[PDB]
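Protein chains in written order, with PDB author numbering: chain A, 221 to 293; chain B, 4 to 147; chain C, 805 to 877; chain D, 149 to 365, 370 to 466; chain E, 75 to 147; chain F, 26 to 111; chain G, 367 to 439; chain H, 245 to 285, 289 to 439. Ideal Cβ positions, reconstructed from N, Cα and C, are used throughout, including at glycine. Shown next, in structure tokens, is the structure this report addresses.
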Amino acid sequence: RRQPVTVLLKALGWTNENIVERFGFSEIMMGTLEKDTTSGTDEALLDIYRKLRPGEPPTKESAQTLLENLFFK
Amino acid sequence: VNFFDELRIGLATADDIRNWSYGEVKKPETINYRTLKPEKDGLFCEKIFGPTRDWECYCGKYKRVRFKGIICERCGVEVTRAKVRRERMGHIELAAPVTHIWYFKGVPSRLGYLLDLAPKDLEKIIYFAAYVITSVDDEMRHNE
Amino acid sequence: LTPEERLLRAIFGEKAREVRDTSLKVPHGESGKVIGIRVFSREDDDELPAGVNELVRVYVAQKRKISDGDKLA
Amino acid sequence: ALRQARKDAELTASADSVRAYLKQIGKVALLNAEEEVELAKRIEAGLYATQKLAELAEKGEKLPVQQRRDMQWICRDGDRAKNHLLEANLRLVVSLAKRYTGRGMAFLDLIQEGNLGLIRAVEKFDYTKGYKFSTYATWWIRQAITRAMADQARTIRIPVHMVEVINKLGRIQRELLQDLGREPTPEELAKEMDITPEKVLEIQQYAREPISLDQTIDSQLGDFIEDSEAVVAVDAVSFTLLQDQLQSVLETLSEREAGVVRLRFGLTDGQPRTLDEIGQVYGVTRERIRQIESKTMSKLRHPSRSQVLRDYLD
Amino acid sequence: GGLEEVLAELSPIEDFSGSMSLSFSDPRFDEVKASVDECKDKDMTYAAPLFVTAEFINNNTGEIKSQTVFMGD
Amino acid sequence: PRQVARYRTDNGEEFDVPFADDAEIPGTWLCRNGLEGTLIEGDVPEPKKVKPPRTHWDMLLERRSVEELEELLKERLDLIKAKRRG
Amino acid sequence: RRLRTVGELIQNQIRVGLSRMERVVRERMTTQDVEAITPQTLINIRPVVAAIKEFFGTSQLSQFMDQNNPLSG
Amino acid sequence: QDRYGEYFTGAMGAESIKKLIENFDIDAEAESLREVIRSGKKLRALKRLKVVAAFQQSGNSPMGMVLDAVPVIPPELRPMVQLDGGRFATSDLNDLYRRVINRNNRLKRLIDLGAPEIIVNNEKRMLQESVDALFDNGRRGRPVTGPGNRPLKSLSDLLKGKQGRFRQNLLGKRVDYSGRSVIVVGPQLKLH
Ligand SMILES: [Zn+2]
Numbered sequence: 221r222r223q224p225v226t227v228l229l230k231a232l233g234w235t236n237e238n239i240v241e242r243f244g245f246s247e248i249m250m251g252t253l254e255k256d257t258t259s260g261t262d263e264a265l266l267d268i269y270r271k272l273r274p275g276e277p278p279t280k281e282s283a284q285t286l287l288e289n290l291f292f293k
Numbered sequence: 004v005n006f007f008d009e010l011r012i013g014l015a016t017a018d019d020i021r022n023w024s025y026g027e028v029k030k031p032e033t034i035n036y037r038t039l040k041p042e043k044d045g046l047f048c049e050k051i052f053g054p055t056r057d058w059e060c061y062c063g064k065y066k067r068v069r070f071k072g073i074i075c076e077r078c079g080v081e082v083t084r085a086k087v088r089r090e091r092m093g094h095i096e097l098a099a100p101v102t103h104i105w106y107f108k109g110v111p112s113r114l115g116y117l118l119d120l121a122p123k124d125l126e127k128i129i130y131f132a133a134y135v136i137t138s139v140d141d142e143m144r145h146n147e
Numbered sequence: 805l806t807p808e809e810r811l812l813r814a815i816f817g818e819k820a821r822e823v824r825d826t827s828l829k830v831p832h833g834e835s836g837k838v839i840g841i842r843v844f845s846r847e848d849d850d851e852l853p854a855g856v857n858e859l860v861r862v863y864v865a866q867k868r869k870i871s872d873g874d875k876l877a
Numbered sequence: 149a150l151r152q153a154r155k156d157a158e159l160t161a162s163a164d165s166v167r168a169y170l171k172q173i174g175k176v177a178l179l180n181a182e183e184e185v186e187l188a189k190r191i192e193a194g195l196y197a198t199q200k201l202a203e204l205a206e207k208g209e210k211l212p213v214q215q216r217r218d219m220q221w222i223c224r225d226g227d228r229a230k231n232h233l234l235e236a237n238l239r240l241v242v243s244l245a246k247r248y249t250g251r252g253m254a255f256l257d258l259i260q261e262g263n264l265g266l267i268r269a270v271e272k273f274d275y276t277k278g279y280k281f282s283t284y285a286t287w288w289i290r291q292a293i294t295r296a297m298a299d300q301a302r303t304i305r306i307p308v309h310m311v312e313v314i315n316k317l318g319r320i321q322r323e324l325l326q327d328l329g330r331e332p333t334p335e336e337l338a339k340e341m342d343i344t345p346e347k348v349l350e351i352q353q354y355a356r357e358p359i360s361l362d363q364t365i370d371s372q373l374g375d376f377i378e379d380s381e382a383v384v385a386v387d388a389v390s391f392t393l394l395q396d397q398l399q400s401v402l403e404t405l406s407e408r409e410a411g412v413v414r415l416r417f418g419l420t421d422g423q424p425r426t427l428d429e430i431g432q433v434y435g436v437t438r439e440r441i442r443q444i445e446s447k448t449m450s451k452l453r454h455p456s457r458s459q460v461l462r463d464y465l466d
Numbered sequence: 075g076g077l078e079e080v081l082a083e084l085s086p087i088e089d090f091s092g093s094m095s096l097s098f099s100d101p102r103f104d105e106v107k108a109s110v111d112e113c114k115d116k117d118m119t120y121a122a123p124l125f126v127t128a129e130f131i132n133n134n135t136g137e138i139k140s141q142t143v144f145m146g147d
Numbered sequence: 026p027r028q029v030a031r032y033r034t035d036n037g038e039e040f041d042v043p044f045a046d047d048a049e050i051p052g053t054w055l056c057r058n059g060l061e062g063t064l065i066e067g068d069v070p071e072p073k074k075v076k077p078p079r080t081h082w083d084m085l086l087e088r089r090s091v092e093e094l095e096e097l098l099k100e101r102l103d104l105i106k107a108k109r110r111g
Numbered sequence: 367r368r369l370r371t372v373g374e375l376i377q378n379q380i381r382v383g384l385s386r387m388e389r390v391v392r393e394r395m396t397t398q399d400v401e402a403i404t405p406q407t408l409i410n411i412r413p414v415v416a417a418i419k420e421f422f423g424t425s426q427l428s429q430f431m432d433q434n435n436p437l438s439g
Numbered sequence: 245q246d247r248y249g250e251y252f253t254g255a256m257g258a259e260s261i262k263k264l265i266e267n268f269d270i271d272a273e274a275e276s277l278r279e280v281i282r283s284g285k289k290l291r292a293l294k295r296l297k298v299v300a301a302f303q304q305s306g307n308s309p310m311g312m313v314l315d316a317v318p319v320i321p322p323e324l325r326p327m328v329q330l331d332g333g334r335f336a337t338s339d340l341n342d343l344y345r346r347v348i349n350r351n352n353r354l355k356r357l358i359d360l361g362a363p364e365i366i367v368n369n370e371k372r373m374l375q376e377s378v379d380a381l382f383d384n385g386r387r388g389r390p391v392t393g394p395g396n397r398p399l400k401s402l403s404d405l406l407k408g409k410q411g412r413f414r415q416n417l418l419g420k421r422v423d424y425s426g427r428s429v430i431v432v433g434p435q436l437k438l439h
């Protein structure tokens with residue numbers, strides 16, 4: 221529970237300018253992207269990767285490909 | 004008789020449980036795999052819970068109703084009706100105490116409200132997730 | 805055996821058998837004619853699970869007239 | 149910020165039982181061959197130092213206070229070395245116990261029983277052979293897990309040697325399945341096993357495992377089992393009417409003939425006596441009673457007495 | 075076929091070292107074991123055997139050989 | 026036809042165990058409190074000759090001669106003695 | 367909302383049986399001798415056939431054919 | 245513990261809880277609660296009083312909330328009997344008891360040898376959950392499951408529910424001298 225909307229793009233590595241193009245129309249997510257904990261692309265990884273599993277402190281490399289393992293795989 | 008005014012409830016202290024029990028079950032064994040007998044010092048052990056056959060000791064020295072209220076010296080089984088197996092209780096002597104989980108986990112937590120401890124913190128204590136200070140020496144700490 | 809019973813065994817001279825009677829008896833409230841039998845012996849090879857020797861199935865049938873209380877629709 | 153998240157990860161209680169154990173076992177660094185040899189010598193030194201002081205307790209000879217304080221520190225260090233070696237190889241026990249789950253033993257019980265194997269592994273380990281500790285400890289941990297499963301996991305406990313023959317019976321049965329494409333009948337199983345066919349079924353009968361009385365199939373199975381020792385009303389009432397009839401039949405007879413029959417079968421007393429015991433009460437030889445027993449039996453078989461007792465055959 | 079698509083999911087089986095692999099293919103079926111009448115009579119399931127091909131390949135070391143496997147009735 | 030015997034466990038309790046008057050009084054009995062206890066009056070019929078369990082010292086003696094441990098102890102004891110001397 | 371058919375329902379159990387088997391094969395290929403083992407060494411189909419046998423019975427989808435008349439069947 | 249360890253004492257598990265209950269004043273806690281309830285207006292301190300006052304009025308020591316011994320139910324109420332051709336059926340309590348006795352004895356073996364606290368404490372919590380699963384299974388965490396993921400019946404499961412001792416075998420029962428059948432019209436019958 222308790223998940224933001226815009227953390228996923230930074231989690232996937234999406235560049236910030238791409239969000240404005242797609243989400244710029246009809247506001248919405250742009251306002252959701254305006255309010256966020258952190259804007260760091262790699263920082264969003266460490267924020268979301270720990271939220272789900274928070275046990276056994278997360279590794280840097282293990283958290284990057286974990287989402288590809290959890291979904292893309 | 005079926006005429007008694009009241010029936011009272013309460014908590015059973017470790018001594019109350021020991022007085023109920025006719026013996027300690029020392030092994031997690033039910034019945035022998037070959038003879039299918041209630042192996043001794045386990046569950047169903049006739050040494051404590053009573054005999055399987057009416058007025059019969061385990062080894063078969065006393066098979067008749069002449070002698071009752073006696074215990075076979077060899078097999079250690081009391082000679083009496085087999086119905087006692089329904090009413091006779093045992094007990095287990097623990098090597099370390101345990102919470103009842105009815106008072107701890109049941110909301111509101113009885114141990115929680117009793118010791119002014121939070122349930123989240125109380126769970127950490129009894130399941131060995133964190134330590135607790137049982138006693139401090141307030142005087143000696145103050146001197147040094 | 806008790807003292808009372810086992811007195812009749814002496815007068816009537818019927819030796820108490822080591823075996824106990826466990827038979828197959830038709831239950832309460834039914835009747836009919838035996839249609840067929842199916843028997844699987846262990847002496848004959850057949851096929852049987854561990855512990856079982858002889859397996860017998862009896863098929864009983866009956867002609868049911870329409871009776872008071874039967875359900876029509 | 150990763151440091152803060154790292155501290156939060158170390159500090160998590162977790163509801164799961166096996167997790168909290170994985171955290172505490174992963175908090176002690178592993179070892180290399182050199183450290184293992186070091187801990188082994190500390191353990192043996194502390195043990196020998198403890199026994200030397202034990203020889204002094206009976207023999208006295210209080211040693212110099214500096215040597216006596218250092219001897220007891222070696223024992224202090226020896227025990228710390230033993231605890232350190234176990235806490236380091238506590239994870240090997242876990243890595244071996246994973247494969248034995250789903251057999252009827254809980255995961256934690258498999259892990260703890262494996263830890264017991266690790267204790268004896270350290271107690272019996274030898275560092276002079278130059279072999280890694282994991283080499284020798286693997287044997288003791290597996291043996292402790294398997295030996296525990298044979299002595300526990302079965303509701304009706306089976307001895308080790310019987311569990312041994314069953315597993316071989318199963319492996320022989322699974323290979324014969326691969327060879328013949330059909331389930332081997334006991335004759336083929338007894339042949340492969342060097343034992344008689346009538347023995348294998350008995351062994352297969354032991355392999356039966358109990359079922360829970362509380363299984364639901370809505371009302372659960374337990375409600376379908378009728379009490380076998382429960383007293384039936386008709387038979388209990390018939391036994392009383394049968395006692396009433398025997399009294400009247402036995403009442404017509406010689407008072408000394410009736411006494412012989414009562415003592416012979418026990419009746420009132422309940423313990424069937426013998427001819428010699430009945431001979432001391434009536435003051436006659438055991439032969440004279442057999443004559444009395446035969447004459448009263450033919451008088452009992454005679455129809456006037458027995459015509460009423462026909463219904464009581466059973 | 076439903077079998078072919080599940081075997082495609084299982085193919086191949088690798089040890090995580092990449093040195094060896096286990097491949098499945100070619101599901102094979104033969105005539106049924108007994109007629110349905112004889113099955114309903116003998117209390118035995120009505121089934122036909124299953125055959126497949128399993129190749130064990132290890133070319134890191136000396137190459138292994140194939141075989142014909144029987145999954146069951 | 027029943028004579029009663031009493032026993033005392035190691036913690037100080039006491040229990041009455043009825044027996045047959047024609048029977049043989051045992052020396053020790055398993056009591057309902059979980060322990061065992063000695064007979065009330067008749068003292069010490071048998072020692073039972075219980076053998077001690079094997080210890081870490083017994084397992085170490087098989088793999089080491091006394092001199093080997095002795096030599097190793099001197100090597101270990103003089104090591105800490107080197108820190109004392111510094 | 368789609369209808370899972372008989373063939374597909376059986377497929378899912380075969381998938382579970384094969385997945386339950388690879389755990390044995392993956393654990394077997396590593397620690398079982400070397401180089402000569404081949405599928406004969408360790409391929410245990412017991413979990414595979416168990417998934418089938420355990421499905422046709424005890425499963426809510428597989429039911430005793432209801433036959434009072436040819437219509438009910 | 246290294247430094248300052250001689251000025252205090254600490255522990256974990258039910259052992260420490262038993263010690264906190266051993267030194268406890270239900271009066272001092274109540275009297276302090278009675279002046280804190282009104283002076284610090289508090290609602291949570293009032294609800295806590297009911298349990299503190301309950302122990303104060305009766306003569307039962309709060310020590311009863313921790314078990315140094317577990318009673319064993321008679322065998323005939325947890326029966327193990329055979330039905331068809333030798334196969335057996337037994338109650339779930341026997342295995343719930345088995346997990347308790349097994350883990351209790353393994354704890355005795357670890358203590359005599361001496362063991363690192365990691366292994367002993369791990370065994371102690373296992374004993375804690377085994378006794379929990381016995382009394383109430385599934386109340387804390389996942390329930391102890393049998394073959395095919397069937398939760399074992401626990402002592403508490405015997406009383407609760409429509410199938411418990413109350414609504415099943417107490418407030419209603421199956422009786423003798425009774426029967427049933429379909430009903431047809433009795434138009435010629437008298438009202439009685
Ligand atoms: Zn006896």
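#1: Could you check if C48/B belongs to the surroundings of ligand 1, using beta carbon to heavy atom distance under 6 Å?
#2: Select from the region 368-395 of chain G all residues with a C-beta closer than 8 Å to any C-beta belonging to chain D, and list them in chain order.
#3: So, is the C-beta of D274/D closer than 7 Å to a C-beta in chain F?
#4: Could you check whether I51/B and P318/H sit closer than 7 Å to each other, using their CB atoms as the reference points?
#5: Going by the DSSP bridge assignment, what does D41/F pair with across the sheet?
#6: Can you tell me the Cβ-Cβ gap for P413/G and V143/E, rounded? I've got them flagged as a contact below 8 Å.
#7: Anyone know if the C-beta pair for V391/G and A417/G falls short of 7 Å?
#8: Beta carbons nearer than 7 Å to chain E: which residues of the region 394-425 of chain G have them?
#9: Is there a C-beta anywhere in chain H that falls below 7 Å from the one on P345/D?
#10: Taking Cβ positions only, does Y196/D come closer than 7 Å to chain F?
#11: Is the Cβ-Cβ distance between residue 768/C and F417/D less than 7 Å?
#12: Determine contact between the region 122-131 of chain B and the region 325-338 of chain H, defined as no fewer than three beta-carbon pairs at a distance below 8 Å.
#13: Along chain C, which residues have their Cβ under 9 Å away from the Cβ of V431/H?
#14: Reducing DSSP to helix, strand and coil, say where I248/A ends up.
#15: Just the residues with CB closer than 7 Å to a heavy atom of ligand 1, in chain order, which are they?
#16: Just to confirm the assignment, what range does the alpha helix (DSSP H) spanning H103/B have?
#17: With distances taken Cα to Cα, identify the nearest neighbour of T127/E among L96/E, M118/E, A121/E.
#18: From the DSSP output, read off the bridge partner residues of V862/C.
#19: Ligand 3 and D399/G: does any heavy atom of the ligand fall closer than 6 Å to the residue's C-beta?
#20: Can you give me the start and stop residues for the beta strand (DSSP E) that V143/E sits inside?
#21: Can you confirm whether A193/D, when its beta carbon is compared against all beta carbons of chain F, has any partner nearer than 7 Å?
#22: Which same chain residues, not among the five before or five after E49/B, have their C-beta less than 7 Å away from its C-beta?
Looking at the coordinates:
#1: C48/B: no, Cβ never under 6 Å from ligand 1.
#2: Per Cβ criterion, the list reads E393.
#3: Under the Cβ criterion of 7 Å, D274/D is counted among the residues facing chain F.
#4: Between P318/H and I51/B, the CB-CB gap reaches or exceeds 7 Å.
#5: Listed as beta-bridge partners of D41/F by DSSP are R31/F.
#6: Not quite, the Cβ-Cβ distance comes to about 14 Å (not below 8 Å), so this is no contact.
#7: In this structure, the beta-carbon distance from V391/G to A417/G does not fall below 7 Å.
#8: Listed by position, the residues of the region 394-425 of chain G near chain E (Cβ gap below 7 Å) are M395, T396, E401, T404, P405, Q406, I409, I411, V414, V415.
#9: So no, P345/D is outside the interface.
#10: The beta carbon of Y196/D sits closer than 7 Å to some beta carbon of chain F.
#11: Missing from the structure shown is residue 768/C; chain C here goes from 805 to 877 and no further.
#12: The region 122-131 of chain B and the region 325-338 of chain H do not touch, with fewer than 3 CB-CB distances between them shorter than 8 Å.
#13: Neighbours of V431/H in chain C, taken as residues whose beta carbon is under 9 Å from its own, are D872, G873 in chain order.
#14: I248/A: coil per DSSP, three-state reduction.
#15: The answer, residue by residue, is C60/B, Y61/B, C62/B, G63/B, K64/B, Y65/B, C75/B, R77/B, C78/B, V80/B.
#16: No residue range can be given for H103/B, since it is assigned to no alpha helix (DSSP H) and is classified by DSSP as neither H nor E.
#17: Of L96/E, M118/E, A121/E, the residue nearest in Cα terms is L96/E.
#18: BP columns for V862/C point to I841/C.
#19: In terms of ligand content, the structure shown lacks ligand 3 and carries ligand 1 instead.
#20: Looking at the DSSP string, the run of the beta strand (DSSP E) that includes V143/E is 142-146.
#21: Chain F, which has a Cβ nearer than 7 Å to the Cβ of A193/D, makes this yes.
#22: Cβ neighbours of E49/B beyond the five flanking positions: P41, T55, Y61, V80.
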